[PDB]
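Taking it in order: structure first as structure tokens, then the write-up.
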Amino acid sequence: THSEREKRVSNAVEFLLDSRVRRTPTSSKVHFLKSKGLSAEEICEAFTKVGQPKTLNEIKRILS
Ligand SMILES: COc1ccc(CN2CCc3c(c(C(=O)N[C@H](CC(=O)O)c4ccccc4)nn3CCO)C2)c2ccccc12
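All letters in the sequence shown, in the order written, are residues 3 to 66 by the authors' numbering.
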């Protein structure tokens, strides 16, 4: 069964794949994901898993 970390990342992946979401800016999505309890590293992992890679620095800059 999945760890809580795995559940967060999986939920994020399914989110980032939605067609409406894909049209929403990166910054809004990153703030959203942080509101669901994802760390910057977990957010960065989800973006890579869907083939929309972002640097960790980019995600950190949004969250700062
Ligand atoms: C920041 O921009 C937005 C946030 C939310 C929504 C609403 N839903 C879009 C589709 C969607 C959502 C969610 C979602 O919020 N899932 C959970 C919520 C929960 O269980 O608390 C979740 C997502 C990410 C991380 C953790 C949990 N999942 N999916 C895909 C499967 O339907 C949320 C948006 C819809 C259109 C465009 C932008 C959206």
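We put the CB at the ideal spot given by N, CA and C, even for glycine.
Per DSSP, the continuous alpha helix (DSSP H) segment holding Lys9 begins and ends at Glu6 to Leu19.
Not one heavy atom of ligand 1 lies closer than 7 Å to the C-beta of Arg7. In this structure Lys38 is in contact with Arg10, their Cβ atoms being roughly 7 Å apart against a cut-off of 8 Å. Sequence-distant Cβ neighbours of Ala42 in its own chain, meaning closer than 7 Å and more than five residues away, are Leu58, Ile61, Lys62 and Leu65. Straight across, the Cα-Cα distance linking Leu18 with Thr3 is about 22 Å. Separation of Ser21 and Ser29 (C-alpha to C-alpha, rounded to the nearest whole angstrom) is 17 Å.
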